[PDB]
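[1] starting from these lines, generate the structure:
(2 chains)
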Amino acid sequence: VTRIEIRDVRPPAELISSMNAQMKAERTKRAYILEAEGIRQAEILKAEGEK
Amino acid sequence: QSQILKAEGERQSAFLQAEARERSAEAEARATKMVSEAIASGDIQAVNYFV
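    Numbers count the residues shown, from 1 in each chain, chains lettered A, B, ... in the order given. The structure is reproduced below:
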């Protein structure tokens, strides 16, 4: 009747880094976009000053 | 956006320069009339001496 479970699935140490690099990379995207927005607004303001 | 703002700046500058140009032309016209009368009255050797 078991409903056979796998209690735990361990990869070795080498594979874990490769597996969580995905989510680290997905996090860097948000930071990059936010920095881009900051740059955009700063440039607009400086242009007004120069005008 | 920066480029558009800059361009507006040069537009306003050009308008001001046009006004200044008209004023300077007025001054040149008055000068021409006065020196023309002075030369037509007396002589031309004096201008050569000054030059």
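
[2] and residue B:34, how many neighbours does it have?
    Using other Cβ atoms under 10 Å in any protein chain shown, residue B:34 is surrounded by 10 other residues. (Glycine included, C-beta is placed from N, CA and C.)

[3] helix or strand for it, which one?
    If you go by DSSP states H and E, residue B:34 is part of helix B:2-41.

[4] so where do the strands sit in chain A?
    Counting by DSSP state E, no segments of chain A form strands.

[5] flag every residue of chain B that's near chain A.
    Applying Cβ under 8 Å from any Cβ of the partner chain, one finds that chain B approaches chain A through B:1-2, B:5-6, B:8-9.

[6] what's the farthest-apart pair in those?
    Maximum pairwise distance in these, criterion Cβ to Cβ, is 13.1 Å, between B:1 and B:9.

[7] thinking again about what came up before, from the chain's centroid, how far away is whichever helix or strand comes after the helix holding residue B:34?
    Next along the chain after helix B:2-41, taking DSSP H and E as the criterion, comes helix B:45-50. From the chain centre to the centre of helix B:45-50 is a distance of 24 Å (Cα atoms, centre = their mean, to the nearest Å).

[8] what about residue B:11, neighbour count?
    Counted with other Cβ under 10 Å, the neighbours of residue B:11 add up to 9.

[9] contact partners for it?
    Neighbouring residues of residue B:11 by Cβ atoms under 8 Å, 6 or more residues apart in numbering or on different chains: there are none.

[10] which part of chain A gets nearest to chain B, residue-wise?
    Nearest residue of chain A to chain B, counting by Cβ to the nearest Cβ: residue A:47, 3.9 Å away.

[11] my read is that that residue contacts residue B:8, right?
    No: using Cβ atoms under 8 Å, residue A:47 is not in contact with residue B:8, being 9.9 Å away.
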